[PDB]
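Participant: Quick one: the structure is below, questions incoming.
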Amino acid sequence: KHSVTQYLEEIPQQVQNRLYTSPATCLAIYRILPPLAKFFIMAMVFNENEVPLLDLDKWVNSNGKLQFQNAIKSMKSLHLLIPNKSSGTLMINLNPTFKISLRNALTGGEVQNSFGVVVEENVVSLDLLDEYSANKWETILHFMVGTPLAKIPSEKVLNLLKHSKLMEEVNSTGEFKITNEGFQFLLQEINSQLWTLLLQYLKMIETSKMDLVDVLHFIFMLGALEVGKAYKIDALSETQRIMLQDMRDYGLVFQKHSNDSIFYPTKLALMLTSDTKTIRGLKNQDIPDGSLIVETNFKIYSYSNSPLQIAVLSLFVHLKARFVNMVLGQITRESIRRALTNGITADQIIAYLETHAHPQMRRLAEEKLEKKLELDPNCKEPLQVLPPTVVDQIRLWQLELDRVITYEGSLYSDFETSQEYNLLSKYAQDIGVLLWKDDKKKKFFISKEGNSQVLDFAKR
Amino acid sequence: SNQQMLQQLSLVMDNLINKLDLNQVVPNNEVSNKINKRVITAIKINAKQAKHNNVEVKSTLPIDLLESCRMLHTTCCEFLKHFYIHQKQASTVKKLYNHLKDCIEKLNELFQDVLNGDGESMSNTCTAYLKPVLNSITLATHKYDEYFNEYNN
Amino acid sequence: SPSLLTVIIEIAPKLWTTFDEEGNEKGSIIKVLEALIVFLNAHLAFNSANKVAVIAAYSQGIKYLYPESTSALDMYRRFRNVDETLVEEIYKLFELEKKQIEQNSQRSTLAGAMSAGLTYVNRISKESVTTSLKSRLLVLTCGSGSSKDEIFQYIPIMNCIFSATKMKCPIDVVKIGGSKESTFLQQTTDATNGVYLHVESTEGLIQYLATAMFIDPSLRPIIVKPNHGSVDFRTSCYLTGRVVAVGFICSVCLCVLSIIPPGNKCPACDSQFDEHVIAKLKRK
Amino acid sequence: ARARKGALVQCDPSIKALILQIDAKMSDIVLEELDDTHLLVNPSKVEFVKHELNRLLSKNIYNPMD
Amino acid sequence: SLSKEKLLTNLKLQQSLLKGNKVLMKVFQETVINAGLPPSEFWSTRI
Amino acid sequence: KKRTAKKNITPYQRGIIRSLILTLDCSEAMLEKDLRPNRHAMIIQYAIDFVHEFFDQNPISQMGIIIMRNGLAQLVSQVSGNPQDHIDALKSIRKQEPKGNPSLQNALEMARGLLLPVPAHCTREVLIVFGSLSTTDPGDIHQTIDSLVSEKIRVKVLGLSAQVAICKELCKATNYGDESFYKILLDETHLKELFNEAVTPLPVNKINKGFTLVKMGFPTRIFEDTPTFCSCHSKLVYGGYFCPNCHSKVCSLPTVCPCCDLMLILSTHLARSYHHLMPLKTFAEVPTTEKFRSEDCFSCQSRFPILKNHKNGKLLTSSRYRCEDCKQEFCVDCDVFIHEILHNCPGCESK
Ligand SMILES: [Zn+2]
Ligand SMILES: [Zn+2]
Ligand SMILES: [Zn+2]
Ligand SMILES: [Zn+2]
């Protein structure tokens, strides 16, 4: 995941404030920050005066300081605030545009942008054009992955996929195949897929007539809530209107026909930020249609099905004869070796199975779950909540094809005496952060938690 | 005032509400920055005080010895507070009381020796560890003295 | 982690007048109402779209405000619907006021309010088995005079406490009125892991609210903000009325009695006692 | 604050020596060799290191799988 | 079968119980071997 | 079609204090295969549940646990008021496996010995979870039963899948003759509810007995943290309670003061008692066609009332089970919840 939040902080500060002028964008980005930062920001928003950092330290206690650093580093990186070495101290305060926009949003501000929606006869039916948006999303997914017939006419969308290198397909020969990007597209279920596509449209649509402030205004206004009336008609910039038409083509806009009307708020824009339920001629009833198969016997038992879904399953398992409720497929080392040929790591698939194919594995994941977390301290043996056997077999296939070991962290030095090194090693063993250590070299390559805690203890 | 003025004020408020109003912008925010500050002061004061609740002795051998002394004095006082309540075995109570006074003096000498040898900080820790039991036995002694004076005088 | 903050605002027009009587009449409950609306919106925004609920306690009963029982049969705009609906309901309730309303001043239905709110929490939690709701309710009371401590509600309050603890539902309380520490409420917040706030009258609470009435959803690594000690030296003697320390509690009656036994038939259950037992007590 | 970042590699010393050989063949991208069991490398070229490792192991073993 | 005076006089039983717990024998001796308590009442607590 | 208790006819007295001595059964019989793991494992699991429950609802009582292995009764938890000790003891047992024959007589005698210190106002009890179909006694049994009933010791037993004559005699004997206490089970859920109904205090129609005022005092929490110091376990504990009279620290409990030996409680225990003394009238199920009341809930706001004329559906019933004294409706969920968890009737509180 490119972690669009990282792209957000990527952009410079002045354009960040340019975006913060739009209160709805302020709210939407408030939705994204880690909870610690959320709470701290909500504290600061009202008392119109900077605050010393010492208070914001003493606010948090023990065994939870890691999140303090997470929040402060994130917020500084995206520069929502302005640290102030006023008297040599730290006089924190938000980018005041952010503060005022947010406060306006909380109590009836002047955000005509966020208020761009119009209330009228929302003749849009729940299934009404919702099925059409779902069908468009399925069509583009199939065309990108490659179906027997790809009716994907998104010439702009195809150009974005190709130039963006969305999938390892020979666009010169017209191929739309799964690359590392294609593997990720197979991985990111909904939010991941929509996010990758939005980032691709951003990167491709970045040359001329961008108006990035208007771009994000339109995007978040779409994700915020149903603008409905007068959206497409009134509430859009010129380039904003063009981007809206393009998104509506991309499915992310459920604009009605007649090419001129209010905004058509498809559920997809909601899906962009919701991180919630995923379900979308005139028939389609399934809260658990996807009937995948995955047990301890490493077999594929399917009753429920979805053609693109089962094709995704086939992307790492053989197909011989499609059946009524089943499809001939058995997951083996060869089955995942198919994706290993694409170099697909046995990592995304883990959480994928934990999440996807569950419409047919609800009872399976419940019996594996068994609520064996509160019962874990008492009964020390887990009831295969997340199947470890399958994980071990997958790791074995991955190991069979790999043979290389790597570690994260950074090399450390200036352990002048053996006493500091030994005490830090003991503390790390207490906290389980030392990958490896040696007093002879006074060096190691681990996470920064031990150094952080020692420095905090020393300075304060 | 009740009844009349009650309904009066009630209606006044009802109106004020109905009188558009409810300016959540005007909702205090904090109004007086000073008032705000004062509220924060109160709250940080309380946070500090309740935080003072951090939910390890030095001389392990003296610690165990003091623990033995505490157990001893505890059971001794146990027997008194049984007997001093219950009742005709007065002489048994007398023996218990004399022994308890002896134990109190013993612990006093113990504290003296601790202050002499372990110094002050360790002696301070010992005194802290033994404060509750010491207070209880002292109170028992005082209560017996009061009861004995009452019976005698 | 969604939370169901179910405020319980009591509004006694008697106590509303007392609030006007207290200090000056420099502003009716309107201040409290507006601050409550804002705080409610704040919580409604904070989490991932977690419901709320509000109940009242007028002089002759209680009635819901927000969930808006079947009647026909801006900013995110759901804030809009919640707030406008609440205010319409509350104005309707204020229409429900007259002399016959002035009549039944004998009681104060706060206990009914808390109990019903807890029932509501149970309803919502039970229906929403998926995505378990870390719920927790609130209490706003206009502290008035004319009764130093009404006690005829003592038991149902504690039953509320025990229900809360079993249901794992912290219950925070904000008393606005005279410097009379609402003992039962104080024990309620302290026991059920809550927070007590005895504000002065006319300050715009919104700061107090958003500070110390927003940290109870599903956090609890954070020091609560309770006032001075919460002594559990409990109820005064039923016969006497002076707070007891070394109690003297009868029997199956369970009433707590002072050092003054009437010698027979503890004055809450007709149970004559063993005069031998009476003498045994008198053996001191 | 001293934190020397890189691609830390830890394995058996024989595989470490083989990795050093390969790395020298591909112009010594290994930043440091912390000990007989740890290596500090630049993550830029570790991927092609693994690629060439796969190539040479396929060349040698060939997986008869008889 | 079991009586207060009976357990009081069950000296062999009492010494067996002394053998029962190190903590027990320790506290007992330091209440006794320290010129402290007659065992009678000491058990009168522990009946 | 209803399954309700008609009326409660001892809503005047219960044993509020208790000293219940649960006695399990760990003997070769309990190793048969009728309950899912066995008899024994399921038994001990439910025993843990019952321990938690009972020490909740009767938070002022004590309890002791007794097994019956190899014809011997080996006490596995002294009679004590701290649930955690008993919980741990049961944990330990559950990993150990039964043997020998159940010696009901020995267990009975051990109990009768065990409950002697319990004072007169406290009430005694035993709860035999008898699993087998035999005993093995080293003495006369009717001798023991007579001694028991002489010592005013009610006994309730929960046989497994049979009825044993002697046990029936035992229950009928100690409980003042009135036989209702030998309930035996026919299903696991029946077993859960068996323990549940064992939790509550036990009235039948109490003979006029001595009723006695009991001295006790309440503690006040402590403040300091570093001054950690304890007088009931002789440790350092960051802060606890003070006996109002003995005036010595005591680690958190409703326990008895270990210095001056008087009972300690806060009140909430007394509140639980109050809840048990005077319960509510069982909520009535309103007539299907004669109700004509509000179409909602009252405590909650449910939309489950009727359907208005639907051949058989409306002919079924009208979910309006409504309490008497307040005469307000309540949906089934609300009534179940009120009568199970919180006993303040919503409407009946408000008037
Ligand atoms: Zn203790
Ligand atoms: Zn005491
Ligand atoms: Zn209901
Ligand atoms: Zn009722």
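Participant: Test of understanding: among F:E193, F:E188, which residue is in contact with a helix residue (DSSP H, G or I) (Cβ under 8 Å, 6 or more places away or on another chain), farther than 28 Å from C:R234 by Cα and either among the charged types (D, E, K, R) or within 16 Å of ligand 3 (Cβ to nearest atom) (or both)?
Facilitator: That would be F:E188, the only listed residue that is in contact with a helix residue (DSSP H, G or I) (Cβ under 8 Å, 6 or more places away or on another chain), farther than 28 Å from C:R234 by Cα and either among the charged types (D, E, K, R) or within 16 Å of ligand 3 (Cβ to nearest atom) (or both).
Participant: Quick one: in region A:397-432, which of the residues that are touching a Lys or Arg at 6+ places or on another chain (Cβ under 9 Å) and of a type in the set (A, V, I, L, M) is farthest from the other protein chains (Cβ to nearest Cβ)?
Facilitator: A:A428
Participant: Report yes if some residue within region F:260-281 is farther than 30 Å from F:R320 by Cα, of a type in the set (G, A, S), touching a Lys or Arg at 6+ places or on another chain (Cβ under 8 Å) and more than 10 Å from every other protein chain (Cβ to nearest Cβ); otherwise report no.
Facilitator: No: region F:260-281 contains no residue that is farther than 30 Å from F:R320 by Cα, of a type in the set (G, A, S), touching a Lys or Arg at 6+ places or on another chain (Cβ under 8 Å) and more than 10 Å from every other protein chain (Cβ to nearest Cβ).
Participant: Keeping to region D:7-44, report how many residues are more than 12 Å from chain A (Cβ to nearest Cβ) and in contact with a helix residue (DSSP H, G or I) (Cβ under 8 Å, 6 or more places away or on another chain).
Facilitator: 5
Participant: Related question: Can you find a residue in region F:265-285 that is touching a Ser or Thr at 6+ places or on another chain (Cβ under 8 Å) and within 16 Å of ligand 1 (Cβ to nearest atom)?
Facilitator: Here is the first cut: in region F:265-285, the ones touching a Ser or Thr at 6+ places or on another chain (Cβ under 8 Å) are F:267, F:276, F:282, F:285.
Imposing the further condition that a residue be within 16 Å of ligand 1 (Cβ to nearest atom) reduces the set to none.
Among the residues of region F:265-285, not one is touching a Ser or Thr at 6+ places or on another chain (Cβ under 8 Å) and within 16 Å of ligand 1 (Cβ to nearest atom), which makes the answer no.
Participant: Another question, then. Looking at A:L197 and the list (1) among the hydrophobic types (A, V, I, L, M, F, W, C); (2) surrounded by fewer than 20 Cβ atoms within 10 Å (Cβ to Cβ); (3) under 21 Å from A:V4 (Cα atoms), which single condition is not satisfied?
Facilitator: (2)
Participant: Since F:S294 meets every condition but one in (1) within 16 Å of ligand 4 (Cβ to nearest atom); (2) among the small types (G, A, S); (3) surrounded by 15 or more Cβ atoms within 10 Å (Cβ to Cβ), which condition does it not meet?
Facilitator: Result: F:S294 fails condition (3) only.
Participant: While we're here: Whether any residue in region F:77-89 is part of a loop (DSSP other than H, G, I, E, B), surrounded by fewer than 20 Cβ atoms within 10 Å (Cβ to Cβ) and out of contact with any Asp or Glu (no Cβ under 8 Å at 6 or more places or on another chain) is what I want to check. Show your work before the answer.
Facilitator: Let us first name the residues in region F:77-89 that are part of a loop (DSSP other than H, G, I, E, B), namely F:81-82.
Filter once more, so that each one left must be surrounded by fewer than 20 Cβ atoms within 10 Å (Cβ to Cβ): F:81-82.
Among the residues that remain, those that are also out of contact with any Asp or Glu (no Cβ under 8 Å at 6 or more places or on another chain) are: F:81-82.
Yes - at least one qualifying residue is present in region F:77-89.
Participant: Picking from D:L20, D:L8, which residue would you name as being buried (at least 18 other Cβ atoms within 10 Å of the Cβ) and touching a strand residue (DSSP E or B) at 6+ places or on another chain (Cβ under 8 Å)?
Facilitator: Working: D:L20 fails: buried (at least 18 other Cβ atoms within 10 Å of the Cβ).
Just one listed residue meets the conditions, D:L8.
Participant: Further, regarding this structure: Can you confirm whether region D:8-20 contains a residue that is closer than 30 Å to A:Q453 by Cα and either of a type outside the set (A, V, I, L, M) or not in a strand (DSSP E or B) (or both)?
Facilitator: yes
Participant: A further question on this structure: Within region C:73-127, which residues are within 14 Å of chain F (Cβ to nearest Cβ), exposed (fewer than 15 other Cβ atoms within 10 Å of the Cβ) and outside any helix (DSSP H, G or I)?
Facilitator: First pass over region C:73-127, keeping only residues within 14 Å of chain F (Cβ to nearest Cβ): C:73, C:89, C:103-127.
Checking which are exposed (fewer than 15 other Cβ atoms within 10 Å of the Cβ) leaves us with C:73, C:103-104, C:106, C:126-127.
Across region C:73-127, the qualifying residues are C:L73, C:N104, C:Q106.
Participant: Which one of C:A53, C:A35 is assigned to a strand (DSSP E or B) and crowded, with 20+ Cβ neighbours inside 10 Å?
Facilitator: Step by step, each of C:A53, C:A35 is checked, and only C:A53 is assigned to a strand (DSSP E or B) and crowded, with 20+ Cβ neighbours inside 10 Å.
Participant: Looking only at region B:35-63, which residues are within 14 Å of chain F (Cβ to nearest Cβ), surrounded by 15 or more Cβ atoms within 10 Å (Cβ to Cβ) and not in a loop (DSSP other than H, G, I, E, B)?
Facilitator: Applying the first criterion (within 14 Å of chain F (Cβ to nearest Cβ)) to region B:35-63 yields B:46, B:48-58, B:60, B:63.
From what's left, surrounded by 15 or more Cβ atoms within 10 Å (Cβ to Cβ): B:46, B:57, B:63.
The answer is B:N46, B:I63.
Participant: Give just the number: which of (1) within 16 Å of ligand 2 (Cβ to nearest atom); (2) within 29 Å of C:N159 (Cα to Cα); (3) among the charged types (D, E, K, R) does F:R272 not satisfy?
Facilitator: Just one mismatch for F:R272, condition (1).
Participant: Is it the case that some residue within region C:56-72 is more than 14 Å from chain F (Cβ to nearest Cβ) and buried (at least 16 other Cβ atoms within 10 Å of the Cβ)?
Facilitator: Checking region C:56-72: not a single residue is more than 14 Å from chain F (Cβ to nearest Cβ) and buried (at least 16 other Cβ atoms within 10 Å of the Cβ).
Participant: Name the residues in region A:156-188 that are surrounded by fewer than 14 Cβ atoms within 10 Å (Cβ to Cβ) and in a helix (DSSP H, G or I), would you? Quick ask: steps written out before the conclusion?
Facilitator: Taking region A:156-188 and keeping what is surrounded by fewer than 14 Cβ atoms within 10 Å (Cβ to Cβ), we get A:159, A:163, A:170, A:172-175.
A:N159, A:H163, listed by residue number.
Participant: From the list F:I21, F:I9, F:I67, F:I60, which one is of a type in the set (V, I, T), more than 22 Å from F:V129 (Cα to Cα) and surrounded by 16 or more Cβ atoms within 10 Å (Cβ to Cβ)? Working first, answer last.
Facilitator: Values: F:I21 fails: more than 22 Å from F:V129 (Cα to Cα); F:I9 fails: surrounded by 16 or more Cβ atoms within 10 Å (Cβ to Cβ); F:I67 fails: more than 22 Å from F:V129 (Cα to Cα).
None of the others qualify; the one that does is F:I60.
Participant: Being assigned to a loop (DSSP other than H, G, I, E, B), β-branched (V, I, T) and within 18 Å of A:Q360 (Cα to Cα) is the filter here; which residues of region A:314-335 pass it? Spell out how you get there, then give the answer.
Facilitator: The initial filter retains those residues of region A:314-335 that are assigned to a loop (DSSP other than H, G, I, E, B), namely A:315-321, A:323-326, A:328-332.
Next, from what is left, pick out any that are β-branched (V, I, T): A:317, A:324, A:331-332.
If the condition is that a residue be assigned to a loop (DSSP other than H, G, I, E, B), β-branched (V, I, T) and within 18 Å of A:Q360 (Cα to Cα), then A:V317, A:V324, A:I331 are the ones that fit.
Participant: Further question: What about F:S294, is it within 16 Å of ligand 3 (Cβ to nearest atom) and either within 14 Å of chain C (Cβ to nearest Cβ) or assigned to a strand (DSSP E or B) (or both)?
Facilitator: Details: within 16 Å of ligand 3 (Cβ to nearest atom): yes; either within 14 Å of chain C (Cβ to nearest Cβ) or assigned to a strand (DSSP E or B) (or both): yes.
So F:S294 fits the description; yes.
Participant: Taking region F:297-351 as the search range and keeping residues that are at the interface with chain C (Cβ under 9 Å from one of its Cβ atoms), part of a loop (DSSP other than H, G, I, E, B) and away from ligand 3 (no atom under 11 Å from the Cβ), which one is farthest from C:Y58 (Cα to Cα)?
Facilitator: F:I341
Participant: Residues that are of a type in the set (K, R) and not in a loop (DSSP other than H, G, I, E, B): does region A:196-204 have at least one? Walk me through how you get there before you give the answer.
Facilitator: Going residue by residue through region A:196-204, those that are of a type in the set (K, R) are A:203.
Checking the rest, the ones that are also not in a loop (DSSP other than H, G, I, E, B) come to A:203.
Taking every residue of region A:196-204 in turn, at least one turns out to be of a type in the set (K, R) and not in a loop (DSSP other than H, G, I, E, B).
Participant: OK, next. Going residue by residue through region F:235-246, is there one that turns out to be within 11 Å of chain C (Cβ to nearest Cβ), part of a loop (DSSP other than H, G, I, E, B), away from ligand 4 (no atom under 16 Å from the Cβ) and within 30 Å of F:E324 (Cα to Cα)?
Facilitator: No, the conditions are met nowhere in region F:235-246.
Participant: For region F:279-289, check the following and say yes or no: at least one residue is within 16 Å of ligand 4 (Cβ to nearest atom), in a loop (DSSP other than H, G, I, E, B) and of a type in the set (V, I, T). Explain how you work it out, then say what you get.
Facilitator: The initial filter retains those residues of region F:279-289 that are within 16 Å of ligand 4 (Cβ to nearest atom), namely F:279-286.
Narrowing further to those that are in a loop (DSSP other than H, G, I, E, B): F:279-283, F:285-286.
Narrowing further to those that are of a type in the set (V, I, T): F:282, F:286.
Yes, region F:279-289 contains at least one residue that is within 16 Å of ligand 4 (Cβ to nearest atom), in a loop (DSSP other than H, G, I, E, B) and of a type in the set (V, I, T).
Participant: Does F:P258 satisfy the condition of being away from ligand 1 (no atom under 16 Å from the Cβ), under 30 Å from B:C126 (Cβ atoms) and of a type outside the set (V, I, T)? Spell out how you get there, then give the answer.
Facilitator: Working: away from ligand 1 (no atom under 16 Å from the Cβ): no; under 30 Å from B:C126 (Cβ atoms): yes; of a type outside the set (V, I, T): yes.
Criteria not met by F:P258.
Participant: For region A:249-262, how many residues meet the condition of being closer than 17 Å to A:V117 by Cα, surrounded by fewer than 21 Cβ atoms within 10 Å (Cβ to Cβ) and not acidic (D, E)?
Facilitator: Residues in region A:249-262 being closer than 17 Å to A:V117 by Cα, surrounded by fewer than 21 Cβ atoms within 10 Å (Cβ to Cβ) and not acidic (D, E): 2 in total.
Participant: In region A:121-155, which residues are under 18 Å from A:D249 (Cα atoms) and part of a loop (DSSP other than H, G, I, E, B)? Even if it seems obvious, please write down each step before you answer.
Facilitator: Going through region A:121-155, the residues under 18 Å from A:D249 (Cα atoms) turn out to be A:124, A:128-144, A:150-155.
Matches in region A:121-155: A:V124, A:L128, A:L129, A:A150, A:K151, A:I152, A:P153, A:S154.
Participant: Another question, if that's okay. Within region C:232-256, how many residues are under 13 Å from F:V214 (Cα atoms) and either under 27 Å from the mean Cα position of the chain (by Cα) or not aliphatic (A, V, I, L, M) (or both)? Outline the logic, then answer.
Facilitator: Just the residues of region C:232-256 that are under 13 Å from F:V214 (Cα atoms), to begin with: C:246-256.
From the residues that got through so far, the ones that are either under 27 Å from the mean Cα position of the chain (by Cα) or not aliphatic (A, V, I, L, M) (or both) too are C:247-248, C:250-251, C:253-256.
Qualifying residue count, region C:232-256: 8.
Participant: Please verify whether E:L8 is part of a helix (DSSP H, G or I), away from chain B (no Cβ under 13 Å), within 21 Å of F:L116 (Cα to Cα) and touching a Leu at 6+ places or on another chain (Cβ under 7 Å), treating the condition exactly as stated.
Facilitator: Numbers: part of a helix (DSSP H, G or I): yes; away from chain B (no Cβ under 13 Å): yes; within 21 Å of F:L116 (Cα to Cα): yes; touching a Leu at 6+ places or on another chain (Cβ under 7 Å): no.
Taking the combined requirement at face value, the residue does not satisfy it.
Participant: Still on this structure, please answer the following. Looking at region A:95-112 only, could you name the residues that are away from every other protein chain (no Cβ under 12 Å) and touching a helix residue (DSSP H, G or I) at 6+ places or on another chain (Cβ under 6 Å)?
Facilitator: To start, the set of residues in region A:95-112 that are away from every other protein chain (no Cβ under 12 Å) comprises A:95-101.
If the condition is that a residue be away from every other protein chain (no Cβ under 12 Å) and touching a helix residue (DSSP H, G or I) at 6+ places or on another chain (Cβ under 6 Å), then A:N95, A:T97, A:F98, A:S101 are the ones that fit.
Each reported figure results from applying straightforward, stated rules to the coordinates on display, with no laboratory input. We place every Cβ from the backbone using ideal geometry, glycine too, and count neighbours over all the protein chains shown.
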